[PDB]
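To start, the structure itself, in structure tokens.
Taken together, the values in this text are just the output of simple stated rules run on the coordinates, not laboratory data. Here Cβ is always computed from backbone atoms with ideal geometry, including for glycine, and neighbour counts include all displayed protein chains.
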Amino acid sequence: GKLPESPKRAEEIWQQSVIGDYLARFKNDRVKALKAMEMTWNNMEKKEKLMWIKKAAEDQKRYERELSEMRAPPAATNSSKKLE
């Protein structure tokens with residue numbers, strides 16, 4: 001495929017999700033944002049971490065598809081195929 005996108009499951013769904021409010025607080029606090037997010041993810045365990053993945057992994061699809069599509073003229077019909 002492509003390039004559509006490429007979520008990132010964990011760091012994607014969540015980072016973008018929080019980093020915006022984390023970077024916003026200090027207006028470029030990223031330093032804190034990255035931690036507040038990193039830590040907060042690891043201290044949690046598989047709970048957060050694993051699940052964060054699926055959020056953007058669940059979202060990653062859209063985007064896989066963008067690509068694949070391409071190549072998935074079939075990967076679209078002949079798979080990419082549909083194809084069943």
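Given the criterion small (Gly, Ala, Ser) and either within 22 Å of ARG9 (Cα to Cα) or under 21 Å from the mean Cα position of the chain (by Cα) (or both), identify the matching residue among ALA33, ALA76.
Sole residue among the options that is small (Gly, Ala, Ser) and either within 22 Å of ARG9 (Cα to Cα) or under 21 Å from the mean Cα position of the chain (by Cα) (or both): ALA33.
Taking the condition of being out of contact with any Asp or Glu (no Cβ under 7 Å at 6 or more places or on another chain) and either in a loop (DSSP other than H, G, I, E, B) or touching a residue at least 60 places away in the same chain (Cβ under 8 Å) (or both), how many residues in region 1-27 meet it?
Residues that pass the stated criteria total 5.
From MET39, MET44, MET70, grab the single residue that is in contact (Cβ under 8 Å) with a residue 60 or more places away in the chain and over 13 Å from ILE13 (Cα atoms).
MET70
With the requirement that a residue be of a type outside the set (A, V, I, L, M, F, W, C) and buried (at least 16 other Cβ atoms within 10 Å of the Cβ), what does region 70-83 give you?
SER80
Anything in region 1-51 that is more than 25 Å from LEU67 (Cβ to Cβ) and among the acidic types (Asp, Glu)? List them, or say none.
Within region 1-51, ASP21, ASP29, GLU38, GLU45, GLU48 meet the criteria.
Checking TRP14 against (1) more than 12 Å from the chain's Cα centre (by Cα); (2) farther than 30 Å from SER79 by Cα, which test does it fail?
(1)
Just for region 32-84: of the residues that are part of a helix (DSSP H, G or I) and of a type in the set (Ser, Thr, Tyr), which one is nearest to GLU5 (Cα to Cα)?
Of everything passing the filter in region 32-84, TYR63 is nearest to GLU5 (Cα to Cα).
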